[PDB]
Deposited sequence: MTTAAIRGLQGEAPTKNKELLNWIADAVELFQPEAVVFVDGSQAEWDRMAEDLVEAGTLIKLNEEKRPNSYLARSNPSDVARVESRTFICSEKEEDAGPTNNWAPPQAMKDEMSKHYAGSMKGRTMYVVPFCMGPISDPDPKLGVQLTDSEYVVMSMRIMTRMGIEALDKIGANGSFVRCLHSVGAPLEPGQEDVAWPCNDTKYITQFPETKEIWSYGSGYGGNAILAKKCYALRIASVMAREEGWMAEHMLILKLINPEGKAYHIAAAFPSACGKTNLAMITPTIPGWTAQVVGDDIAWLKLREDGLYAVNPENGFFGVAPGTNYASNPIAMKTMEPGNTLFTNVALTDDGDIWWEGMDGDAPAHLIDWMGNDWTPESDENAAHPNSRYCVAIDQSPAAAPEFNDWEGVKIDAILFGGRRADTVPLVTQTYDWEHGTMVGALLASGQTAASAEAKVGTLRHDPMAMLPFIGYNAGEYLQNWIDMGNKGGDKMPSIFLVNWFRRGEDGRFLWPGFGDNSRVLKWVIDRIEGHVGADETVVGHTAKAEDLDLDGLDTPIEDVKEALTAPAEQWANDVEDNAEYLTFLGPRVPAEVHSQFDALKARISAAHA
């Protein structure tokens, strides 16, 4: 118990009375502490240690099939007023959810140890950092947390004697009776994930899996962080931060908000396919931004990658594969090979003829069920990446030069377009969606499941920042890599070739321009685009660059409905940008 913080300890003190753990242990975040936990969990059944000359210090977790992601219907924003959760959030009364949850918490830790996990959400050298503590009965969550945050003694020292912190409560809801044998993956048929914005608490129950259990991941870094960003004057976002360095060696940084699971990751870790361009990753998931006075700066509140495994391979993400090469990775619900290595769908070979699947069953390729679950994950530290940006651990943040929004659309949305200004940009984000009334799948800012308050106010935060902020805001772009030919073929190759789209972007914000105007905005002229090496020469699918106004007309009503959906706090400014859009298509 290395702390003199009276709040910390009383809170811990009430938790122990309720939860009733067998013992309590402050986590220090040490390598011995990790080793000790690996071996406890290898002895439990929970982790399988991977072949050491394949993948050192690397483990596979298989979860109970019903505890493998998500649980939206039981994830609540418990603000005091229903209207501060808003239409995009679940809500239920804050005290009665506390009462509901203690009924479940009472005794939940009996037969188990309660770990006290201090943590900090960005570089420890920031003079004034966001901080939390999690109480959990899961050594798995303690290990994942070691990779995903700055955990342990340094962060208990940052909280200090009088510092504050987000308080996180977590139990997998599987108390043991004396002399009672346990399971590999403990969990409950009742699962709750509850955020309480006013008080900055996060309380989870019944789930040992990813985001429900690693309360740092979405609950903190997006849902609660977003409220702090609202209350304080900054932005917590679902952005990748990428750094792009040209042949001249100039550095530029690009924030991008994509719904795509690993759409984000394959650009966050891109290898440019154009000579002289390299890129480094600052984060692939979450971006906290504030206004310094000479620009918008982003930090990554995370310390690790927690990426979707399927589809990851040396053609599509060699940087993610080169990161897991030294080992030191927690894999969850991926397959196991006869070599004691791991596999998943989309890997560079032919499917192996035998595996053990994420369920523990012999598997052959003629199974129609997947060897690795669709939501399966790797969890590895960011600084293990060969393309890890040297300034990813530095509190100053990186200056953002451009923000991208995109979704998958088969039609309508050009490959790349430059917005007019932030307010225009805020509207285009609000309408962000995927697909081809009711048919478009809407994901405003790629934040839909993660806004921790009223989504229309969240768009007013955007408007506020651009004004507060003025001519120092970076330009917003709209991309889309998924246009399809009348045939049905993808028009733009994607993958490492999107670097050509990112150069175009860099070439606009400086002014070596070329845009010919569309309803959507300032869009690539399509031979201001570095297209050397592509499909087969003479090329020029400029079809990916159309925004045919009939297509835009088709969308007008759905978009009109959605903005109404978003409610009474949708800013006057977003509605006006939307008028203008309709004036423009008309």
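No C-alpha positions are given in the record for the deposited-sequence stretches 1 to 12, 449 to 456, 607 to 610.
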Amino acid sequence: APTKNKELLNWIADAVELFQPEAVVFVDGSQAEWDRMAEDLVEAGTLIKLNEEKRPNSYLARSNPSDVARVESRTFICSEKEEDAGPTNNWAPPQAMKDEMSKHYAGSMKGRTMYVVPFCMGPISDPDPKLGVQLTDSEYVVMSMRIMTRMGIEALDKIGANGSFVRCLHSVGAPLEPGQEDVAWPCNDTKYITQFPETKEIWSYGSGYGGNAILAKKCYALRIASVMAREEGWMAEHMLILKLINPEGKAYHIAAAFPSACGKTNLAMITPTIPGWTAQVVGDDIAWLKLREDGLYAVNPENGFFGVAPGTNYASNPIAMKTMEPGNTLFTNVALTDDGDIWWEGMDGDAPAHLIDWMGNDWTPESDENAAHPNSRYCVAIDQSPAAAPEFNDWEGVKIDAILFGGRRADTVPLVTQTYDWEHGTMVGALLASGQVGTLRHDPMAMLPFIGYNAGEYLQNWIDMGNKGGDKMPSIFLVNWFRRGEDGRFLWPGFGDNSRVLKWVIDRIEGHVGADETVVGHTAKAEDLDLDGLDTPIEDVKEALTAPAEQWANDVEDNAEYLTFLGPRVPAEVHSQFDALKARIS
From here on, numbers count along this sequence of modelled residues.
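Set 451 to 459 against 387 to 395 and average the Cα temperature factors; 387 to 395 ends up higher. Mean CA B-factor, 540 to 548 versus 555 to 563: the higher value falls on 540 to 548. Residue set 257, 509, 309, 319: peak C-alpha B-factor at 509 (per PDB entry). Across 178, 326, 87, 283, the greatest Cα temperature factor reported in the deposited entry is at 178. Annotation for residue 271: C-alpha temperature factor in the middle third relative to the rest of the modelled chain, per the entry. Among all modelled residues in its chain, residue 132 ranks in the lowest third by Cα B-factor. Per the PDB record, residue ranking by Cα B-factor puts residue 304 in the lowest third of the chain. When the CA B factors of the chain's modelled residues are split into thirds, the value for residue 148 lands in the lowest one. When all modelled residues of the chain are sorted by CA temperature factor, residue 340 is found within the highest third.
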